[PDB]
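Chains as they are written, first to last, in the working numbering: chain Y, 1 to 212; chain L, 1001 to 1336; chain V, 2001 to 2210.
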């Protein structure tokens, strides 16, 4: 009932990449009302290809489309950093209906190695008045999208109370995640200092806050 | 010798001297007897462009039938914007007769013998001719009767579907045999077609459509409003004006003792003028079996400007388009 | 310049009702077909409904058939989507889109419809106290998404970074918004964050001071 895409493909800057798009004899095989679309994480989708191969005004030529038997295909030549997103194909089906592809995540490799810029905040005197304490460790401007987060009280490991996001791509094509330690105001005002350690590739970065 | 122009054309037919009915009585003074030897001159290794909608030749035929229809089928009453008329209105005998138009001196006509010619651009193989083949003038909405049929395959002809409002027209490879009847309620009429002819035509139509418009799911639906003539299949058969329900014949998707589809028609004393704006009143009918076997040669539609579907709905209104289906591959040129 | 402005998002209890509106400008609304499209959190896009330019022709998908209704007004130039008998599987970001022909240029920014029976928890906002220094606002324990943060009513747009929210074990979201500003301005410029959690009518304006 759904149009089959590879879930993920991966090539380098400048190289060409091919996404396959497979349906039935009741949609792709019969029709050329085929349209390709780009979606960066969290924005509105943008029209790329329509009617198998045609381009609207506002779209780079590096993109090109095609059709054979029961399968559609998208080709992106001269790959850039902007091209790193999710991709979907669209088709008219017999009975005036339209149907969407599974999604292909395009990963552009060999991008600059970014060091994580980290900021750690104390629980506000306002949060301690409400009998809560929350430490916020915010990690930004790193590449690639794999990071390990560790927490320390003075110099000892803490495992309980930690909540961490999956790293998510930002406005500058680098990556962003946020880590939250849940504590009591007693647990905070007790320790001389708490510490947040971020392991990306090899470098480990530390920030320290003391109760005063 | 590509040199297009304006001239005043002339008719030709096989009119009869003894006869009392209209068409031929117009023909006996308006034109000439057929020359039983019409010749053709093939032009080797010449291709030439044409635009198959912008033609004075059509307008002259148009103006001829107007100036034919106005004087001969004299109505009881006529009316439009500040104006009303009533004269004597006898019932007349009548039929359609084949016509050739012909070329004056220092000038001749040509034939685009590309049976795979659509309308736009160059005709590949071409010849020259004195006069076109016989055409009886069919005054009909939606459907095209008794005209010229296709020889190779069913092909479609419209200005461009990108300009949708341009009425799309069809001509067929095989002919549908129709018979209409009013017996001796004297107003209500009916028409008859055997299913299998109609079903396969629209199948082979849908099949050539999914190609012309790249990709789809061909759906057929009737008219959506406005006046009578266009919404119905309106026509003449000897001394009246037929108006028949067309609701059944456009029936959704067509997919790849003989049963008859029967359409509830009615006649009208009252008709909307096809030349210009106006509404018209004619003599009441005469007694008895009123019948004509005639054959469908093509069809007019309009691309419905609605839905990401494939809705095709009946055309008509204009009669210049009605003339377009048969005179298509016959042209205008100077010897120079 | 062509626009599609969406409204009516927010929380609905499951089995409850909501109506979405998409406002259009910059082209002729009639002469163009229209579509609704949803995206479940972290999932593939899926087609909701089609309406034709004049109307009359309306098409629906099966996992929605009988529950959703598409309508348009060709005078006001608005598209409407009435949704009834809502289930949690419908929780998605919802987009209106214009049709060319069988393709779809120009899209709405997206209104998030969440279908959940939690009593809509209004978030708690706490001030996070600070050349170049970082300050922000903690938007603690709210249900559901989204939460919109602007600084000085939209006056501060350079330095601001709004983080993707955590999902806690309790089932409540929490995000933080941080801005980076000059060290001299801390004794002249008073900083306000404008949290708007639309599903719980919570409009909070909280002041950040050293």
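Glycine included, every Cβ here is placed at the ideal spot set by N, Cα and C.
TODO: Note down, in chain order, every chain Y residue with its Cβ under 9 Å from the Cβ of residue 1214(L).
DONE: For the purposes of this step, residue 1214(L) is identified with residue 214 of the second chain, where counting begins at 1. Those within 9 Å of residue 1214(L) in chain Y are 31, 32, 33, 51, 52.
- [ ] Buried or exposed for residue 1082(L), please, with buried defined as at least 16 other CB atoms from any protein chain shown within 10 angstroms of its CB.
- [x] Working through the second chain from its first residue, we reach residue 1082(L) at position 82. By the neighbour-count rule (16 or more Cβ atoms within 10 Å), residue 1082(L) is not buried but exposed.
Open item on the list: Taking beta-carbon pairs under 7 Å, can you tell me which members of the segment 117 to 130 of chain Y lie near chain V?
Closed with: 119, 121, 124, 126, 127
Open item on the list: Using beta carbons (cut-off 8 Å, strictly below), is residue 1309(L) in contact with chain V?
Closed with: Counting from 1 along the second chain, the entry for residue 1309(L) is found at position 309. Answer yes: the Cβ-Cβ gap between residue 1309(L) and chain V drops below 8 Å somewhere.
Task: CB contact below 8 Å: residue 2171(V) versus chain Y - done: Translated into positions along the third chain, residue 2171(V) becomes position 171. Output row for residue 2171(V): interface = no.
Task: Buried versus exposed call for residue 1070(L) [16 or more other C-beta atoms within 10 Å across all chains shown] - done: Taking the second chain and counting its residues from 1, the one referred to as residue 1070(L) is at position 70. Label assigned to residue 1070(L): exposed.
Open item on the list: So if I threshold CB-CB distances at 9 Å, which residues from the segment 2020 to 2034 of chain V count as touching chain L?
Closed with: 2031, 2033
- [ ] Excluding the 5 residues preceding and the 5 following residue 2177(V) in the sequence, name in chain order all residues of the same chain whose CB lies nearer than 6 Å to its CB.
- [x] Along the third chain, one-based indexing puts residue 2177(V) at 177. Correct list, in chain order: 2136, 2137, 2149, 2162.
Open item on the list: So, does the segment 1101 to 1119 of chain L touch the segment 1148 to 1161 of chain L, judging by three or more C-beta pairs under 8 Å?
Closed with: yes
Task: Closest by C-alpha distance to residue 2045(V), when choosing among 2082(V), 2180(V), 2091(V), 2059(V) - done: Position 45 of the third chain, counted from the start, is the residue given in the question as residue 2045(V). Residue 2091(V) is the option with its Cα nearest to residue 2045(V).
Open item on the list: Any beta carbon from chain L within less than 8 Å of residue 95(Y)'s own beta carbon?
Closed with: Along the first chain, read from residue 1 onward, the residue named residue 95(Y) stands at position 95. Yes, contact with chain L.
TODO: Just the chain L side, please: which residues come within less than 8 Å of residue 92(Y) by C-beta, in chain order?
DONE: Along the first chain, read from residue 1 onward, the residue named residue 92(Y) stands at position 92. Those are 1215, 1216, 1217, 1308, listed as they occur along chain L.
Open item on the list: Does residue 1208(L) come out as helix, strand or coil in the three-state DSSP assignment?
Closed with: Indexing the second chain from 1 puts residue 1208(L) at position 208. Correct three-state label for residue 1208(L): helix.
Task: Cβ separation of residue 20(Y) and residue 5(Y), assumed to be a contact under 8 Å, to the nearest whole Å - done: Taking the first chain and counting its residues from 1, one reaches residue 20(Y) at position 20. Taking the first chain and counting its residues from 1, one reaches residue 5(Y) at position 5. With 8 Å as the limit, residue 20(Y) and residue 5(Y) qualify as a contact, their Cβ atoms being about 7 Å apart.
Open item on the list: Distance check for residue 1221(L) and residue 1312(L), CA to CA, integer angstroms please.
Closed with: Within the second chain, the letter at position 312 stands for residue 1312(L). Within the second chain, the letter at position 221 stands for residue 1221(L). Each residue's alpha carbon lies about 6 Å from the other.
Task: Spatially closest choice to residue 1291(L) from 1128(L), 1236(L), 1210(L), 1039(L), by CA coordinates - done: Counting from 1 along the second chain, the entry for residue 1291(L) is found at position 291. Among 1128(L), 1236(L), 1210(L), 1039(L), the Cα nearest to that of residue 1291(L) is on 1236(L).
Task: Positions along the segment 2121 to 2155 of chain V whose CB lies within less than 8 Å of some CB in chain Y - done: 2124, 2126, 2127, 2128, 2129, 2134, 2136, 2138, 2140
Task: Extent of the continuous beta strand (DSSP E) to which residue 2034(V) belongs - done: Taking the first residue of the third chain as position 1, residue 2034(V) is located at position 34. 2034 to 2039 is the span of the beta strand (DSSP E), which, as asked, contains residue 2034(V).
Open item on the list: Given a cut-off of 8 Å on the beta-carbon distance, is the pair residue 1060(L) and residue 1299(L) in contact?
Closed with: Taking the first residue of the second chain as position 1, residue 1060(L) is located at position 60. Taking the first residue of the second chain as position 1, residue 1299(L) is located at position 299. No; because the gap between Cβ atoms is not below 8 Å, this pair is not in contact.
TODO: Figure out for me which residue from 1147(L), 1203(L), 1249(L) has the closest Cα to the Cα of residue 1097(L).
DONE: The residue labelled residue 1097(L) in the question sits at position 97 within the second chain. Among 1147(L), 1203(L), 1249(L), the Cα nearest to that of residue 1097(L) is on 1147(L).
- [ ] Could you please give me the residues that DSSP links to residue 119(Y) through a beta bridge?
- [x] Within the first chain, the letter at position 119 stands for residue 119(Y). Looking at the DSSP assignment, residue 119(Y) forms a beta bridge with 138(Y).
TODO: With distances taken Cα to Cα, identify the nearest neighbour of residue 42(Y) among 53(Y), 24(Y), 171(Y), 36(Y).
DONE: Residue numbering aside, residue 42(Y) sits at position 42 when the first chain is read from its first letter. It is 171(Y).
Task: Proximity test, Cβ basis, 8 Å: residue 2197(V) and chain Y - done: Taking the first residue of the third chain as position 1, residue 2197(V) is located at position 197. Taking Cβ atoms only, chain Y never reaches closer than 8 Å to residue 2197(V), which makes this a no.
Open item on the list: Quick check on residue 2002(V): buried or exposed, where buried means 16 or more other Cβ atoms within 10 Å of its Cβ?
Closed with: In the third chain, residue 2002(V) corresponds to position 2, counting from 1. Exposed, by the Cβ-count rule.
TODO: Determine whether the Cβ of residue 2068(V) lies closer than 8 Å to any Cβ atom of chain Y.
DONE: Position 68 of the third chain holds residue 2068(V). Residue 2068(V) does not count as touching chain Y.
TODO: Specify whether the segment 1247 to 1260 of chain L and the segment 1202 to 1210 of chain L touch according to this definition: at least 3 beta carbon pairs, one from each stretch, less than 8 Å apart.
DONE: yes
Task: Where residue 1189(L) falls, given that 16 or more other Cβ within 10 Å makes a residue buried - done: For this step, residue 1189(L) is matched to residue 189 along the second chain. With 16 or more other Cβ atoms within 10 Å, it is buried.
TODO: Identify, in the order they occur along the chain, each residue of the same chain with its Cβ nearer than 6 Å to the Cβ of residue 1263(L), setting aside the five sequence neighbours on each side.
DONE: For the purposes of this step, residue 1263(L) is taken as residue 263 along the second chain, with counting starting at 1. Counting only Cβ-Cβ distances below 6 Å, and skipping sequence neighbours, we find 1191, 1244, 1245.
Task: Exposure of residue 57(Y), with buried meaning 16 or more beta-carbon neighbours within 10 Å - done: Locating residue 57(Y) in the first chain gives position 57, counting from the first residue. Flag for residue 57(Y) reads exposed.
- [ ] Determine the burial state of residue 45(Y): buried for a count of at least 16 other Cβ atoms within 10 Å of its Cβ, exposed for fewer.
- [x] Your numbering for residue 45(Y) matches position 45 in the first chain. Buried, since its Cβ has 16 or more Cβ neighbours within 10 Å.
TODO: Check whether the segment 2100 to 2109 of chain V touches the segment 46 to 54 of chain Y, taking contact to mean three or more Cβ pairs, one atom from each stretch, closer than 8 Å.
DONE: yes
Open item on the list: Restricting to runs no shorter than 3 residues, where is the beta strand (DSSP E) found entirely within the segment 1095 to 1124 of chain L?
Closed with: 1099 to 1102, 1107 to 1112
Task: Proximity test, Cβ basis, 8 Å: residue 2221(V) and chain Y - done: Residue 2221(V) lies beyond the range of chain V shown here (2001 to 2210); nothing can be said about it.
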